[PDB]
Amino acid sequence: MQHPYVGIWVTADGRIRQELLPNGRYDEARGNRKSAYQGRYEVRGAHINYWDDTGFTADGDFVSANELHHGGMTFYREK
C-alpha cells in the first residue's frame with residue numbers, strides 16, 4: 001500500500017536535504033546531523049505522510065510539481 005516517487009527534496013535555503021529512494025522511500029540528511037531520519041511514505045491525491053519504523057510519523061502534501069509541503073516546511077525537488 002505505497003507509491004514510490006524518488007527525488008531529492010531540499011529546502012529553499014539548502015540547510016537540509018531529503019532523498020526519496022528508488023524503492024519508494026526517504027532519507028534526509030541535515031547539516032551536522034545527516035541520516036537524521038528515514039522511513040516510507042503513502043501518497044493520496046498529492047497528500048503524503050511519513051510512517052517511520054522507529055515509531056515516528058509525519059504528514060505532508062505536494063502543493064506543486066516541484067514543491068513539497070510537510071511538517072509545515074517547503075521542500076523543492078533536486079533543485
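Definitions and limits used
Residues numbered from 1 in each chain as written, not as in the entry; some residues may be left out. Heavy atoms only, no water. Helix = DSSP H or I, 4+ residues; strand = E, 2+ residues; numbered from the N terminus. Rg over C-alpha atoms; globule rule 2.2 N^0.38 Å. Buried < 20%, exposed > 50% of the residue type's maximum accessible area, 1.4 Å probe, protein only. Contact = heavy atoms within 4.5 Å. Areas by Shrake-Rupley, 256 points an atom, 1.4 Å probe, with all protein chains shown as cover. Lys, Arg positive; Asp, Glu negative; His and termini not counted. Charge placed at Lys NZ, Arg CZ, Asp CG, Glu CD.

Caption draft 1: Structural detail: the overall build of the chain. In terms of helices and strands, the chain carries zero helices and eight strands. Each helix and strand of the chain, placed in order from N terminus to C terminus, yields the pattern β-β-β-β-β-β-β-β. In summary, the chain has a C-alpha radius of gyration of 11 Å against a globular reference of 12 Å for 79 residues, a match within 12%. With the C-alpha coordinates of the chain rotated into their principal frame, the extents come out at 35 × 30 × 25 Å. Split into buried and exposed, the 79 residues of the chain put 32% on the buried side. Sequence separation of at least 24 residues holds for 29% of the intrachain contacts in the chain that already meet a minimum separation of 6. Summed over its atoms, the accessible surface of the chain is roughly 5200 Å², and 46% of this surface lies on carbon and sulfur atoms. Side-chain charges in the chain split into 10 positive and 11 negative, and the spacing between the mean points of these groups amounts to 4 Å.

Caption draft 2: View of the environment of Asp 13. Relative to the helices and strands, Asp 13 resides in the loop between β1 (7-10) and β2 (16-21). Here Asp 13 falls in the exposed class, since its relative accessible area comes to 68%. In this structure the C-alpha to C-alpha distance between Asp 13 and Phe 75, which are 62 residues apart in sequence, comes to 9.7 Å.

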